[PDB]
């Protein structure tokens, strides 16, 4: 079984995450604060464009939630790119903890302290900016959980009816020789990949 914990100051954003193999629990980071303000952020050392999430609150939360078996994931635009191989690799883990940042991110010493006792991966889901780690956590959790018990883009798929609004299903798919269908699909996959993702051809 894989146990998944998510820590966030917007726990309700993880509501879709529910939709004996996997367990999910979402925690409010403000539960490990001790001040009337329930403060989780503070001013950046060196100056900066926003606030930074405090280390003591995070360390206290991670002390309670994680153990030596934990793989701690920190969603961040400064991370390694999430990919299918990463999702497969994480699917074998027994305990994933997703630490969701907001503001400008989490004080670096949270990760440095955690790495003393567990494994930690900082991961971006793509080259675009979100407000927080929660949506990235939804994507990574879904990608992983769907893996529990070539290199061309996929081309177009069709289903019935054979004609719809003057647009016909390509005849080779209707008149089906397996070899001809595969050939047609490979050509479509290659053209699509050239058009949309030339990086995948180098």
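Numbering follows the first chain given and starts at 1.
Asks: What does the record say about the segment between residue 19 and residue 20: how many deposited residues are without coordinates (none, 1 to 3, 4 to 9, 10 or more)?
Replies: Unresolved stretch here: 4 to 9 residues.
Asks: Are residue 47 and residue 48 truly consecutive in the deposited sequence, or are residues between them missing coordinates? Give the number as none, 1 to 3, 4 to 9, or 10 or more.
Replies: According to the record, the chain runs unbroken from residue 47 to residue 48.
Asks: Read off the CA B-factors in the entry, average them over 133-141 and over 51-59, and name the higher stretch.
Replies: Per the PDB entry, the higher value belongs to 51-59.
Asks: Taking only the CA atoms, which stretch has the higher mean B-factor in the record, 1-9 or 192-200?
Replies: Averaging CA B-factors over each stretch, the winner is 192-200.
Asks: Between 26, 147, 40, 173, which one tops the list for C-alpha B-factor in the PDB entry?
Replies: When the deposited C-alpha B-factors of 26, 147, 40, 173 are compared, 173 is largest.
Asks: Please place residue 95 in the lowest, middle or highest third of its chain according to the CA B-factor in the PDB entry.
Replies: Within its chain, residue 95 is a lowest-third residue by C-alpha B-factor, going by the deposited values.
Asks: Among all modelled residues of this chain, ranked by Cα B factor, put residue 183 in the bottom, middle or top third, i.e. lowest, middle or highest.
Replies: Highest third of the chain for residue 183's C-alpha B-factor.
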